[PDB]
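Okay, input_3.cif is below, mmCIF, C-alpha atoms:
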data_start
loop_
_atom_site.label_atom_id
_atom_site.label_comp_id
_atom_site.auth_asym_id
_atom_site.auth_seq_id
_atom_site.Cartn_x
_atom_site.Cartn_y
_atom_site.Cartn_z
CA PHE A 39 233.77 192.27 20.05
CA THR A 40 231.19 192.94 17.27
CA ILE A 41 231.42 194.41 13.74
CA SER A 42 228.49 195.79 11.71
CA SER A 43 227.81 197.62 8.45
CA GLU A 44 226.53 200.28 10.95
CA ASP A 45 230.12 201.16 12.01
CA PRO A 46 231.39 204.45 10.40
CA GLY A 47 234.47 203.72 8.24
CA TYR A 48 233.50 200.02 7.77
CA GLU A 49 235.13 198.24 4.76
CA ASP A 50 234.72 195.04 2.71
CA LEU A 51 236.67 192.18 4.42
CA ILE A 52 238.21 189.35 2.33
CA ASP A 53 240.38 186.66 4.05
CA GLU A 54 240.72 188.48 7.38
CA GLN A 55 241.72 186.03 10.16
CA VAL A 56 239.28 184.73 12.79
CA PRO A 57 240.22 186.60 16.01
CA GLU A 58 242.96 185.14 18.25
CA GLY A 59 241.52 182.68 20.83
CA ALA A 60 237.87 183.66 20.02
CA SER A 61 235.57 180.67 20.79
CA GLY A 62 233.27 181.33 17.78
CA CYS A 63 230.75 183.89 16.46
CA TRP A 64 227.10 184.82 15.88
CA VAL A 65 226.40 185.91 12.27
CA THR A 66 223.51 187.99 10.81
CA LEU A 67 223.17 188.89 7.10
CA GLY A 68 220.87 190.79 4.70
CA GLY A 69 221.02 191.02 0.87
CA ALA A 70 220.74 194.32 -1.07
CA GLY A 71 217.58 195.44 -2.92
CA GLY A 72 217.27 195.42 -6.73
CA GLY A 73 216.89 198.66 -8.72
CA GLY A 74 213.54 199.39 -10.44
CA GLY A 75 212.94 199.62 -14.22
CA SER A 76 211.57 202.57 -16.27
CA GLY A 77 208.57 202.97 -18.64
CA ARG A 78 208.11 204.05 -22.31
CA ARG A 79 208.03 207.81 -23.13
CA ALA A 80 205.89 208.96 -26.11
CA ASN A 81 203.27 211.47 -27.38
CA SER A 82 200.95 208.57 -28.40
CA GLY A 83 200.10 204.85 -28.17
CA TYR A 84 200.06 202.66 -25.06
CA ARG A 85 202.87 203.57 -22.57
CA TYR A 86 203.47 200.94 -19.85
CA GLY A 87 205.47 201.45 -16.60
CA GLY A 88 208.68 199.64 -15.56
CA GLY A 89 208.79 197.03 -12.75
CA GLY A 90 209.82 197.33 -9.08
CA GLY A 91 213.02 195.65 -7.83
CA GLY A 92 213.00 192.65 -5.45
CA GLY A 93 214.00 192.81 -1.76
CA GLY A 94 217.09 191.07 -0.29
CA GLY A 95 217.11 187.73 1.62
CA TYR A 96 218.10 187.40 5.32
CA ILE A 97 219.89 184.84 7.57
CA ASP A 98 219.07 184.99 11.28
CA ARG A 99 221.38 185.44 14.35
CA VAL A 100 223.01 181.94 14.52
CA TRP A 101 226.15 180.63 16.28
CA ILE A 102 229.24 178.98 14.77
CA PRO A 103 232.02 177.44 16.98
CA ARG A 104 235.76 178.09 16.26
CA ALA A 105 236.09 174.33 15.52
CA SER A 106 233.70 174.75 12.50
CA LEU A 107 235.16 178.11 11.37
CA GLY A 108 238.38 178.21 9.27
CA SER A 109 241.51 180.35 9.86
CA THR A 110 240.08 183.25 7.73
CA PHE A 111 236.68 184.63 6.66
CA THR A 112 234.75 186.75 4.12
CA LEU A 113 231.95 189.27 4.97
CA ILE A 114 230.85 190.78 1.62
CA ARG A 115 227.96 193.29 2.02
CA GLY A 116 225.57 193.86 -0.90
CA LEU A 117 225.50 197.31 -2.54
CA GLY A 118 222.05 198.61 -3.59
CA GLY A 119 221.12 197.90 -7.24
CA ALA A 120 221.11 200.99 -9.50
CA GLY A 121 217.70 202.12 -10.88
CA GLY A 122 216.89 202.16 -14.64
CA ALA A 123 217.55 205.53 -16.35
CA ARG A 124 215.32 207.83 -18.52
CA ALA A 125 214.48 206.71 -22.10
CA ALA A 126 216.63 209.73 -23.32
CA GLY A 127 213.92 210.27 -26.03
CA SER A 128 210.44 209.16 -27.23
CA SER A 129 211.23 205.41 -26.73
CA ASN A 130 211.22 202.40 -24.32
CA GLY A 131 212.81 202.57 -20.82
CA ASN A 132 215.63 200.60 -19.07
CA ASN A 133 216.05 197.65 -16.67
CA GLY A 134 217.45 198.17 -13.17
CA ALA A 135 220.59 196.43 -11.88
CA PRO A 136 220.37 193.54 -9.34
CA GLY A 137 221.30 194.12 -5.70
CA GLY A 138 224.68 192.84 -4.49
CA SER A 139 224.63 189.43 -2.77
CA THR A 140 225.77 189.37 0.90
CA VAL A 141 228.19 186.53 1.79
CA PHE A 142 229.80 185.09 4.90
CA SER A 143 232.10 182.09 4.71
CA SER A 144 234.91 180.51 6.72
CA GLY A 145 236.26 176.92 6.59
CA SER A 146 233.40 174.38 6.27
CA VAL A 147 230.69 177.12 6.67
CA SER A 148 229.05 179.44 4.14
CA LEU A 149 226.02 181.68 4.70
CA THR A 150 224.63 183.81 1.86
CA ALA A 151 221.77 186.29 1.62
CA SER A 152 221.23 186.98 -2.10
CA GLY A 153 220.30 190.39 -3.54
CA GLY A 154 216.86 191.10 -5.05
CA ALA A 155 216.45 191.03 -8.86
CA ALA A 156 216.08 194.10 -11.12
CA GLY A 157 212.74 195.59 -12.22
CA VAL A 158 212.26 195.05 -15.99
CA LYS A 159 211.99 197.76 -18.71
CA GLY A 160 208.53 199.04 -19.77
CA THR A 161 207.74 199.06 -23.54
CA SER A 162 204.76 199.38 -25.97
CA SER A 163 203.78 195.81 -24.82
CA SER A 164 201.08 194.90 -22.24
CA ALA A 165 203.28 192.02 -20.92
CA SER A 166 206.31 194.35 -20.25
CA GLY A 167 207.47 195.88 -16.93
CA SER A 168 207.87 192.65 -14.87
CA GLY A 169 208.84 192.99 -11.17
CA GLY A 170 212.06 191.39 -9.85
CA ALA A 171 212.17 188.14 -7.82
CA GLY A 172 213.15 188.43 -4.11
CA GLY A 173 216.63 187.28 -2.98
CA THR A 174 217.04 183.62 -1.84
CA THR A 175 219.14 182.37 1.13
CA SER A 176 221.87 179.70 0.89
CA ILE A 177 223.28 177.87 3.93
CA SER A 178 226.14 175.33 4.43
CA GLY A 179 228.11 173.72 7.32
CA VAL A 180 225.74 174.94 10.15
CA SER A 181 221.98 174.26 10.66
CA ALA A 182 221.07 177.99 10.36
CA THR A 183 217.63 179.40 9.32
CA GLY A 184 216.82 182.31 6.96
CA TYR A 185 214.08 183.90 4.84
CA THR A 186 213.61 184.81 1.14
CA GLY A 187 213.10 188.47 0.11
CA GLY A 188 209.80 189.98 -1.12
CA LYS A 189 208.71 190.12 -4.80
CA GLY A 190 209.04 193.44 -6.64
CA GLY A 191 205.76 194.66 -8.22
CA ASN A 192 204.88 194.46 -11.93
CA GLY A 193 204.27 197.70 -13.81
CA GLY A 194 202.99 196.74 -17.29
CA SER A 195 199.25 196.45 -18.13
CA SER A 196 198.37 195.91 -14.41
CA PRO A 197 200.63 197.97 -12.07
CA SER A 198 201.05 196.65 -8.51
CA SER A 199 202.52 197.43 -5.08
CA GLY A 200 205.63 195.52 -3.88
CA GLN A 201 205.37 192.63 -1.38
CA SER A 202 205.79 193.76 2.28
CA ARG A 203 208.11 191.73 4.61
CA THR A 204 208.47 191.87 8.43
CA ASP A 205 210.09 188.38 8.52
CA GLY A 206 213.78 189.55 8.65
CA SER A 207 213.98 189.62 4.79
CA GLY A 208 213.52 192.83 2.72
CA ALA A 209 210.39 194.13 0.92
CA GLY A 210 209.95 194.63 -2.84
CA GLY A 211 209.44 197.98 -4.62
CA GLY A 212 206.18 198.99 -6.39
CA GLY A 213 205.65 199.01 -10.19
CA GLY A 214 205.33 202.17 -12.35
CA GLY A 215 202.06 203.67 -13.71
CA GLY A 216 201.37 204.39 -17.41
CA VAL A 217 199.23 206.01 -20.15
CA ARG A 218 196.74 204.45 -22.63
CA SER A 219 196.54 205.22 -26.38
CA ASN A 220 193.09 206.95 -26.45
CA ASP A 221 192.78 207.87 -22.71
CA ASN A 222 194.48 209.45 -19.64
CA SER A 223 197.11 207.98 -17.23
CA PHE A 224 196.76 205.02 -14.80
CA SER A 225 198.38 204.71 -11.34
CA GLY A 226 201.44 202.74 -10.17
CA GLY A 227 201.77 200.79 -6.87
CA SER A 228 203.53 201.46 -3.51
CA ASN A 229 206.69 200.02 -1.94
CA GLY A 230 206.08 197.30 0.71
CA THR A 231 206.62 197.98 4.45
CA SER A 232 209.51 196.12 6.16
CA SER A 233 211.61 195.71 9.34
CA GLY A 234 214.32 193.32 8.05
CA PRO A 235 217.87 194.81 7.80
CA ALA A 236 218.04 193.48 4.19
CA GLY A 237 217.66 196.22 1.52
CA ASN A 238 214.24 197.14 0.08
CA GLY A 239 213.73 197.02 -3.72
CA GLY A 240 213.47 200.36 -5.62
CA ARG A 241 210.15 201.56 -7.17
CA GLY A 242 209.71 201.27 -10.94
CA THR A 243 208.72 204.43 -12.89
CA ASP A 244 205.82 205.42 -15.04
CA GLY A 245 205.04 205.24 -18.78
CA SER A 246 204.68 208.90 -19.75
CA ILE A 247 204.58 211.88 -22.20
CA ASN A 248 207.63 212.25 -24.54
CA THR A 249 208.95 215.09 -22.25
CA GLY A 250 208.04 213.40 -18.90
CA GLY A 251 209.11 210.45 -16.68
CA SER A 252 212.00 209.99 -14.16
CA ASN A 253 214.77 207.53 -13.20
CA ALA A 254 213.58 204.41 -11.35
CA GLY A 255 214.47 203.98 -7.64
CA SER A 256 217.70 202.38 -6.43
CA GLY A 257 217.53 199.30 -4.24
CA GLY A 258 218.77 199.74 -0.63
CA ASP A 259 222.17 198.46 0.58
CA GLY A 260 222.43 195.07 2.32
CA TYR A 261 223.66 194.40 5.87
CA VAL A 262 226.26 192.42 7.81
CA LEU A 263 226.46 191.98 11.61
CA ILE A 264 228.85 189.53 13.28
CA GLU A 265 229.58 189.09 16.98
CA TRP A 266 232.82 187.38 18.14
CA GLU A 267 233.11 185.55 21.54
CA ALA B 51 276.80 144.00 -24.77
CA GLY B 52 275.60 146.09 -21.76
CA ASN B 53 278.56 148.49 -21.58
CA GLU B 54 277.49 151.98 -20.38
CA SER B 55 279.24 155.39 -20.38
CA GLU B 56 279.73 157.70 -17.41
CA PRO B 57 276.58 159.86 -16.77
CA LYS B 58 277.36 163.10 -18.67
CA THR B 59 275.40 166.03 -17.09
CA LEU B 60 273.36 168.35 -19.40
CA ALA B 61 275.58 171.25 -18.22
CA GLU B 62 278.56 169.37 -19.81
CA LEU B 63 276.48 168.98 -23.03
CA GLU B 64 275.79 172.80 -22.82
CA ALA B 65 272.01 172.09 -23.06
CA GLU B 66 269.68 174.73 -21.48
CA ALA B 67 267.47 172.39 -19.38
CA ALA B 68 265.32 174.89 -17.44
CA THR B 69 261.48 174.88 -17.11
CA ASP B 70 259.38 177.81 -18.38
CA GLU B 71 258.39 180.47 -15.79
CA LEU B 72 254.76 180.22 -14.54
CA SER B 73 252.81 182.37 -17.05
CA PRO B 74 251.04 185.21 -15.11
CA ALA B 75 247.41 186.32 -15.63
CA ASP B 76 245.45 189.21 -14.02
CA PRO B 77 242.82 187.65 -11.66
CA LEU B 78 239.17 188.49 -11.04
CA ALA B 79 238.79 190.97 -8.11
CA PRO B 80 238.64 189.50 -4.51
CA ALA B 81 234.90 190.30 -4.01
CA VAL B 82 233.91 188.38 -7.20
CA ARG B 83 236.18 185.49 -6.08
CA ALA B 84 234.36 184.79 -2.81
CA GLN B 85 230.92 185.23 -4.42
CA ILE B 86 231.90 182.48 -6.95
CA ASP B 87 233.22 180.27 -4.10
CA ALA B 88 229.91 180.73 -2.23
CA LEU B 89 227.97 179.84 -5.44
CA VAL B 90 230.03 176.61 -5.89
CA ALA B 91 229.66 175.68 -2.19
CA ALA B 92 225.82 175.60 -2.63
CA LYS B 93 226.16 172.67 -5.19
CA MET B 94 228.30 170.28 -3.08
CA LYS B 95 228.21 167.37 -0.58
CA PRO B 96 227.47 169.06 2.83
CA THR B 97 224.51 171.20 1.56
CA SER B 98 221.30 169.15 2.07
CA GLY B 99 220.52 166.97 -1.03
CA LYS B 100 223.44 168.21 -3.22
#

Go ahead and render the structure in this file as structure tokens.
Amino acid sequence: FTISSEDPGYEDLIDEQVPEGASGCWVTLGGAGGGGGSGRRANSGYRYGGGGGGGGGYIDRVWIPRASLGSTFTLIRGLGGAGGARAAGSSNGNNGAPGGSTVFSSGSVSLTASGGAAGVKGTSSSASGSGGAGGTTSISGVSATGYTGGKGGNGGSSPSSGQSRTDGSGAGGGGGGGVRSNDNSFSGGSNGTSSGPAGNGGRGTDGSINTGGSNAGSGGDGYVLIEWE
Amino acid sequence: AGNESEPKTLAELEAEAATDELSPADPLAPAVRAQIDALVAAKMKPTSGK
């Protein structure tokens, strides 16, 4: 039988037993996306945008025998990282929260698809609004293969789109736009395209008028899929 | 001279020779637990060059 995060009424499993007489399993994992960051709100001065969150890592469909498994397992699935809130005034923004890491382990084996990092706060500073790093993969006990998540885009003094990822890992979110001191607004970037089941990073949000702006995007949830033989 | 008494038991001496109960503490939640265990496993003998 197989279990997935796709199953309605799924729950987080800690120290559940490996199934009775099952010869082994095939595991697949994706990390959650990071939340984006938010930009400075003001009437005046330079107003830079917050960064995009990173995408989650991914570990491919690989076998483990019951001789290498332990008596029990874990299957933690990453929750999507919360996006950075409004400035609540004429001030600097907020960071996002990182995506939850996705973890399988049993006996001698551990397989981990890390969550993507948060998009950084935008400020009055041209170096602000950094995009989050993509989630790395960690492997033990079996010769599995996996792929690192995409970079989240910078906002800041040069806004950018997030890195796209078809390679089983998740894409990054885009960075927020902004406003100059003596001149009109400047554009943000887009979220990257993806096909990995790992969560995409949330978009950052734009440096803006003292009344304006929004919350940054959430990262997407991660994924777990395990097949028992 | 090497003369020794009978072995008097601490009960006969009315001495309260009992060990302290194992002091309880509220643990980290189960999800955090296995994430730490997975972090430690990535620093140890079977993982590549570790």

Distance in Å - atom CA of residue 194 of chain A versus atom CA of residue 90 of chain A: 10.7 Å

Output check: residues returned by the PyMOL selection byres ((chain A) within 10 of (chain B)), as a list in words: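 Here the PyMOL selection byres ((chain A) within 10 of (chain B)) matches residues 50, 51, 52, 53, 111, 112, 113, 114, 115, 138, 139, 140, 141, 142, 143, 146, 147, 148, 149, 150, 176, 177, 178, 179, 180 and 181 of chain A.
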
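The interatomic distance for the pair atom CA of residue 235 of chain A and atom CA of residue 78 of chain B works out to 29.1 Å.
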
Residue 65 of chain A environment, 9 Å, only C-alpha atoms, sequence neighbours closer than 4 positions dropped, as an MDAnalysis selection string: chainID A and resid 97:102 142 149 262:266

Shell of 7 Å around residue 215 of chain A, all atoms listed in the file, local chain residues under 2 positions omitted, as a PyMOL selection string: chain A and resi 86-87+193+197+213+224-226+243-245

Two-atom distance - atom CA of residue 125 of chain A, atom CA of residue 254 of chain A (Å):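 Separation of atom CA of residue 125 of chain A and atom CA of residue 254 of chain A: 11.0 Å.
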
Around all of segment 149-160 of chain A's listed atoms, make the axis-aligned box with 4 Å on each side and tell me centre and edge lengths in Å to one decimal, as AutoDock Vina command-line options.
--center_x 217.3 --center_y 190.4 --center_z -7.5 --size_x 25.5 --size_y 25.4 --size_z 32.5

Complete the atoms of segment 62-80 of chain B to N, CA, C and O atoms and put them out as a compact mmCIF listing (two decimals), in the frame of the given file.
# COMPACT_ATOMS: atom_id res chain seq x y z
N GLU B 62 277.38 169.78 -19.04
CA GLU B 62 278.56 169.37 -19.81
C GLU B 62 278.26 169.26 -21.31
O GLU B 62 279.13 169.47 -22.14
N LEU B 63 277.01 168.97 -21.66
CA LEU B 63 276.48 168.98 -23.03
C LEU B 63 276.02 170.39 -23.47
O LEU B 63 275.47 170.53 -24.56
N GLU B 64 276.21 171.41 -22.63
CA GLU B 64 275.79 172.80 -22.82
C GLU B 64 274.31 172.98 -23.20
O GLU B 64 273.93 173.95 -23.87
N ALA B 65 273.44 172.07 -22.77
CA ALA B 65 272.01 172.09 -23.06
C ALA B 65 271.23 172.85 -21.98
O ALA B 65 271.36 172.57 -20.79
N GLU B 66 270.41 173.83 -22.38
CA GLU B 66 269.68 174.73 -21.48
C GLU B 66 268.40 174.08 -20.92
O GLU B 66 267.28 174.38 -21.33
N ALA B 67 268.56 173.13 -20.00
CA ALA B 67 267.47 172.39 -19.38
C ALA B 67 266.89 173.13 -18.16
O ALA B 67 267.13 172.77 -17.01
N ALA B 68 266.09 174.15 -18.44
CA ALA B 68 265.32 174.89 -17.44
C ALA B 68 263.84 174.98 -17.85
O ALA B 68 263.53 175.22 -19.01
N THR B 69 262.93 174.78 -16.89
CA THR B 69 261.48 174.88 -17.11
C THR B 69 261.04 176.31 -17.37
O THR B 69 261.65 177.27 -16.89
N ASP B 70 259.96 176.49 -18.13
CA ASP B 70 259.38 177.81 -18.38
C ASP B 70 258.84 178.43 -17.09
O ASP B 70 258.27 177.73 -16.25
N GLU B 71 259.00 179.74 -16.91
CA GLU B 71 258.39 180.47 -15.79
C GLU B 71 256.86 180.36 -15.82
O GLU B 71 256.25 180.31 -16.90
N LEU B 72 256.21 180.32 -14.66
CA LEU B 72 254.76 180.22 -14.54
C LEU B 72 254.10 181.45 -15.17
O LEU B 72 254.23 182.56 -14.66
N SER B 73 253.38 181.26 -16.27
CA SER B 73 252.81 182.37 -17.05
C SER B 73 251.76 183.15 -16.24
O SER B 73 250.74 182.57 -15.87
N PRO B 74 251.97 184.45 -15.94
CA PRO B 74 251.04 185.21 -15.11
C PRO B 74 249.76 185.58 -15.86
O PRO B 74 249.76 185.75 -17.08
N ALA B 75 248.66 185.75 -15.12
CA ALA B 75 247.41 186.32 -15.63
C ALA B 75 246.72 187.17 -14.55
O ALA B 75 246.74 186.83 -13.37
N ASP B 76 246.11 188.29 -14.94
CA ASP B 76 245.45 189.21 -14.02
C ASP B 76 244.15 188.59 -13.49
O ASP B 76 243.28 188.24 -14.29
N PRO B 77 243.98 188.36 -12.18
CA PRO B 77 242.82 187.65 -11.66
C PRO B 77 241.55 188.50 -11.62
O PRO B 77 241.59 189.73 -11.60
N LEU B 78 240.40 187.84 -11.49
CA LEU B 78 239.17 188.49 -11.04
C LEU B 78 239.38 189.16 -9.67
O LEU B 78 240.14 188.65 -8.84
N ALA B 79 238.69 190.26 -9.39
CA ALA B 79 238.79 190.97 -8.11
C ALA B 79 238.38 190.09 -6.91
O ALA B 79 237.51 189.22 -7.05
N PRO B 80 238.94 190.30 -5.70
CA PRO B 80 238.64 189.50 -4.51
C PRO B 80 237.15 189.35 -4.16
O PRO B 80 236.73 188.27 -3.75
